[PDB]
Amino acid sequence: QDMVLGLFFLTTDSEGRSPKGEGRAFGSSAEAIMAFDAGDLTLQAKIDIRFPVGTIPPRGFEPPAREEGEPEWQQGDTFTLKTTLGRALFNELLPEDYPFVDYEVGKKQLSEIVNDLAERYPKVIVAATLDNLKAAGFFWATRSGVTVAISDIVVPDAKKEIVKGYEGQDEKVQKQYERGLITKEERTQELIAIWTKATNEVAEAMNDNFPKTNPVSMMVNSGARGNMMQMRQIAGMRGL
Amino acid sequence: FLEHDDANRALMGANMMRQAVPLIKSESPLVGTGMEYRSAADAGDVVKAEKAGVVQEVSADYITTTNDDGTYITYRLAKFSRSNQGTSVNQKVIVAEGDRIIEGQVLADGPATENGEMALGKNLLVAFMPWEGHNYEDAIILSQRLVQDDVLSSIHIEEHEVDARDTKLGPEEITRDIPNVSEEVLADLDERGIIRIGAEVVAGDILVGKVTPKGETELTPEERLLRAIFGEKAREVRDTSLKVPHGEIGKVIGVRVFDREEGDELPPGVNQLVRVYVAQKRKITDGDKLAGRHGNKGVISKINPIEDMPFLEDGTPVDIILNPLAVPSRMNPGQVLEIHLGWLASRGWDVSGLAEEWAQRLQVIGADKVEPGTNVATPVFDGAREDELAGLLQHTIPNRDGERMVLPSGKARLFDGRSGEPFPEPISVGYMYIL
Amino acid sequence: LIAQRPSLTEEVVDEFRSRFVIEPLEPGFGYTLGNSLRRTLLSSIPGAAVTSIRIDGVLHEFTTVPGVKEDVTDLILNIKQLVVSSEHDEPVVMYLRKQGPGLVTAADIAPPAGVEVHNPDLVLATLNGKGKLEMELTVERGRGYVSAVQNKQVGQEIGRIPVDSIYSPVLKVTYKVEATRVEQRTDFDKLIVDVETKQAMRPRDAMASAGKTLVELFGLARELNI
Amino acid sequence: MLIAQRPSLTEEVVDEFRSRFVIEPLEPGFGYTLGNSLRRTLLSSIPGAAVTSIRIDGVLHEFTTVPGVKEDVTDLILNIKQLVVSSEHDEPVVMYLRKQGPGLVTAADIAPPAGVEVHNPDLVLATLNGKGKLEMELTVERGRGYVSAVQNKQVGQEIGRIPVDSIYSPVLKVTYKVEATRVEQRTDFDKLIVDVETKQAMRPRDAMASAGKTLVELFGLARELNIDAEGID
Amino acid sequence: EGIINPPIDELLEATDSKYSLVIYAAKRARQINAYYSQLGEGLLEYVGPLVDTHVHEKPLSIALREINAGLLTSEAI
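Chains as they are written, first to last, in the entry's author numbering: chain D, 579 to 818; chain C, 582 to 1016; chain A, 2 to 227; chain B, 1 to 233; chain E, 9 to 85.
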């Protein structure tokens, strides 16, 4: 509910906010935190960051390396990396031997690495890492700024038009039932099918309207809690 | 705002409101439907007048009124008498000395009532945000001001009694000379073996001393030796005195005694019956279930100090935090709607010569120029529409120095109390009625 | 790189509301400084408050004094917003006595030498012609908030009833920041702290006490080293 | 009124530059007042010296390649800003570095002028292939805290000159966590743990002394309002 | 300063099962408690704590510490 929402905000790419200080190179992960404290850099922004000895790089980074005429073993020495400060912070929670993870974390990928840790590592490391994730997750859930307000739940603009078109479509069936050309039982089956199609159409219009940065969508896309049809009947029509 | 709530959560919300306990000083809801007043007067707890007269003598225990013919009737107000579930039914007095009265007007306030209107709770400053995990999975965060300023605290009156019955071996005696007891344990007992009025008690304390008449004791040799050594007397009695139940505290407030030898009628066998009323003042603590009106409920998880509370741009710490993760999934956005209107009720609004469309329906209603603190009523299916609330939020009165702390969206800037650094984006805030 | 020593400047906006500012503070430091000052100023300032009372013919707060429309429990609540200042480190008794009809007010309470009441206008109760009120109040001095449960210390005196006490005389505190006019990329910030206090004590000595507490704590870091 | 148990800073050293500090029993709620304020000043207020601009012969700002050296500009810029220098001139000072031939140029071979000390001669700056041709001059400046790179028209006067982000603070990072402790049957007492990691110039325990002194004067500025007393010891 | 102070992975590899470990620590804990309750008889068969002991401690806590050292040996009959 909260931990997964926090980590999703912490590890996500830019444009979620104003990505200030993006596209620059930093001497160490410590210096990035210095820039963040001053407010120049933001937590979600692509940056070039160096990395101390012993931190394993990504599995696909093992064949490529830096440009030198000599053989190199980049697996446990210095290496730059294209990432965001938040992803650098997140990886420090995981144990040191673990390879770097560079994608937005969500819920499915989050469950995977816990499952991966349980297989390849001793029990004590698994228990300790979850506590680190708990602390980081709760801390950033506060700073994430998810809320609810009357202006957060935006009704689809197109909706009003979409419902009226179906009503006119509906009404001919009602009209052609008044003249006896169709039985009521057949009419009920045909109307339910017509209405079911309508609920999907207004869902699609609403799903396009919402921006990815607002609270209500963010805590469903992340896998925190809720489901799409629940979000539909708060803003779009409930349906049958 | 019932129409905005799901039917499932509304069921819980209506059921909860038959569980709210009365508080020390009841306060009318800032925003709420107009039916709460009628529901109080028709129920019998509030004391209304049967005549149209002039109040003549106002006092806490009783109030005297005089009708135009000349007849006097004195209403005797109940005061701190136990209910079936063990809550006070204390009655206040609302009218002054020389006020004119009309028939059916409310003379005395009741338990969980205010000016004749129903009042089951208080109205706190709520902010919607996760906060360090202390309000994870429906739990509540409360500022320590509420325990300090007695905002949520309730009297509780327990009553427990014993009977001095006549048995085969003899009668039980309600007496102070209990055997094998220290001197300091029976310190607050009165002369005849009843705890004095006002004597604060703890768990295990003796309320009324009582001793069984006899037992057939077949003494072991070691006990026989001990009786000789200590110069004791067996006294042919065993202690069966009434004692305070485990996990219970309180200040004694009243004792009733019924005697066989007196004119009082008793069941067969019982020579004497004594009942003791122990009353305590419970303060709001962790675990104490708290709830709103729209089926949102939780246990208190932590009571932060007033400094640690996330405060507003004018220093005002929010009295209660609430998780936003709960609201979308449970489908009760009525509580967010109530919050927005609650902020408007607390800090008034001005609409004069604005000539706006949403305002036009309100203009005949009269709810255009509203002062701070005043109540507003939204009936259960003809309530204010969402265009009005959006519009009303745009023009809230600046409370002090010329600024409006809440933005048009209904959200405000929150300064973190702990780390000091401002929260990165606005937070929804307003006034919510909490039971 | 530039060296500029901090300087505090004070201004008065009201008899019990005042603004204090520090102009030259380091970047990203104004918010943190004001909060530390706010947290200390709100939490721990010494003040004085009523810690128990006594009423004739009353053995607990639940009963009612004949003649007064306000119940004893309502009197407990209403007394709680009285504000007093006591110079004596030891407990001092205070006496209220009233007969006949009228509005008993905080003004009527007789203060001993060195303890002064500051809100005489506050209403305690209302008496009719038949009523009679005679009260003893115990004033102590302390800091923070202390519940009545720890306030009870006398058992034999059944007439006494304790009350929870709020010592802190500060009402609210508010800090803002800006950027200084001095021309650097750093943009040094100027903290501005608004302090509002009850009529017990001036905001000047109130914030003086806050500064007093903090320097001992922050001095501990430096002196215990080297 | 007196504090029941006086606090006491204690030291725990794990490396010659990283250390941890624990604060003994403290008044409830004071773990966060003291803790966050300490972190900011220790990171910002303490003065130090670090480079502020670099100048390489015969290169442009956009011309990211440098002949005769395997590494690029960015790894050169990164490595040079890492370097720690102690300076006391209190004005900008220029440091020269001219090396030829193949090999590895380090912080040791730089020649510093009077009043500028290089603390860590071990650091590797660049690798040379064939004829070295490496000549590069940088500007040291004493400063405070952290500041982002800015253009001072130094590119206009000479195209080779470029600014760099500077780390004036001797400390690298400070992570503080507050926990609860139980003293004389009360658990509402806050223990503060401050972890200080600092660069090779300054010793971390001495760093907290400088940070501590800066806070005492700044909060002793509030004593001048009026003389007041508080229960201590 | 916790139950998890002797890690479980180190203890598990010594005993090769999980149910074996709990009875093995418990049998030893019964012995060391019985040693402390001699109160002056000083019977030869009992053996005290092999590792050093805190001023107050639970005998089961001592037993698990002994397994981590590995000095103690178990054999199924």
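Here a beta-carbon is modelled for each residue, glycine too, at the ideal position from N, C-alpha and C.
At a beta-carbon threshold of 8 Å, none of the residues of chain B lie near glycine 714 of chain C; the nearest stands roughly 15 Å away. C:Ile721 is the residue among C:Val855, C:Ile721, C:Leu807, C:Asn589 whose C-alpha sits nearest the C-alpha of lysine 878 of chain C. Using beta-carbon distances, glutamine 151 of chain B does not count as an interface residue toward chain D, since no partner is under 8 Å. Apart from sequence neighbours up to five positions away, the residues of its chain that approach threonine 41 of chain A with a beta-carbon distance below 8 Å are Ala211, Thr214, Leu215, ordered along the chain. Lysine 213 of chain B belongs to the set of residues whose beta carbon lies under 8 Å from a beta carbon in chain A. In the three-state DSSP reduction, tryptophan 930 of chain C falls in the strand class (E or B). A distance of 8 Å or more separates the beta carbons of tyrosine 858 of chain C and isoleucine 755 of chain C. Neighbours of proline 793 of chain D in chain C, taken as residues whose beta carbon is under 9 Å from its own, are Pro905, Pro909 in chain order. Within its own chain, the residues whose Cβ lies closer than 7 Å to the Cβ of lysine 685 of chain D, once the five positions on either side in sequence are excluded, are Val582, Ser800, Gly801, listed in chain order. Counting along the chain, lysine 35 of chain E sits inside the alpha helix (DSSP H) bounded by residues 27 to 44.
Along the segment 614 to 633 of chain D, going in chain order, the ones with a CB nearer than 8 Å to a CB of chain B are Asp615, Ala616, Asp618, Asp626, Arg628.
Taking 8 Å as the CB threshold, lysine 70 of chain A lines the interface with chain C. When secondary structure is reduced to three states using DSSP, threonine 127 of chain B falls in the strand class. Here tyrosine 32 of chain A carries a helix assignment [DSSP, helix/strand/coil].
Flagged as an interface residue toward chain B: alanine 608 of chain D, by a C-beta distance shorter than 8 Å.
For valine 702 of chain D, the nearest beta carbon of chain E is closer than 8 Å to its own beta carbon.
By the C-beta criterion, the segment 16 to 33 of chain B is judged to be in contact with the segment 188 to 206 of chain B, since at least 3 inter-stretch pairs fall below 8 Å. With its beta carbon less than 8 Å from one in chain C, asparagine 36 of chain B belongs to the interface. Sequence-distant Cβ neighbours of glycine 130 of chain A in its own chain, meaning closer than 6 Å and more than five residues away, are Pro102. Taking C-beta separations shorter than 8 Å and ignoring five residues to either side along the sequence, the partners of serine 37 of chain A in its chain run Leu215, following chain order. If you draw a straight line from the Cα of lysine 199 of chain A to the Cα of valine 85 of chain A, it comes to about 10 Å. Distance from the Cα of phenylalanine 629 of chain D is smallest, within the candidate group D:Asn785, D:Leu659, D:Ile770, for D:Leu659. Against chain B, a Cβ distance below 9 Å from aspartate 889 of chain C picks out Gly29, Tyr32. In the DSSP annotation of this structure, the continuous segment of the alpha helix (DSSP H) that includes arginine 205 of chain A starts and ends at 204 to 224. With 16 or more other CB atoms across the displayed protein chains lying within 10 angstroms of its CB, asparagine 704 of chain C is buried.
Excluding the 5 residues flanking it on each side, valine 732 of chain C has same chain C-beta neighbours closer than 6 Å at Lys703, in chain order. In this chain, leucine 52 of chain E is not harboured by any alpha helix (DSSP H), its DSSP state being neither H nor E. Among the CB atoms of chain A, one or more fall inside 8 Å of the CB of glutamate 1002 of chain C.
The Cβ atoms of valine 196 of chain A and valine 174 of chain A sit closer than 8 Å to each other. When DSSP assignments are scanned along the segment 823 to 862 of chain C, the uninterrupted stretches of beta strand (DSSP E) that are 3 or more residues long and fall wholly within it turn out to be 831 to 840. Of the other Cβ atoms in all chains shown, fewer than 16 fall within 10 Å of the Cβ of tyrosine 44 of chain E; this residue is therefore exposed. For the 8 Å CB-CB criterion, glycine 972 of chain C and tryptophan 924 of chain C do not form a contact.
For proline 163 of chain B, the uninterrupted beta strand (DSSP E) segment begins and ends at 161 to 163. The Cβ of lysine 173 of chain A sits closer than 8 Å to at least one Cβ of chain C. Cα atoms of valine 66 of chain B and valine 14 of chain B: separation of roughly 41 Å, rounded to the nearest angstrom.
A buried status is given to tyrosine 32 of chain A, since no fewer than 16 other beta-carbon atoms sit within 10 Å of its beta-carbon.
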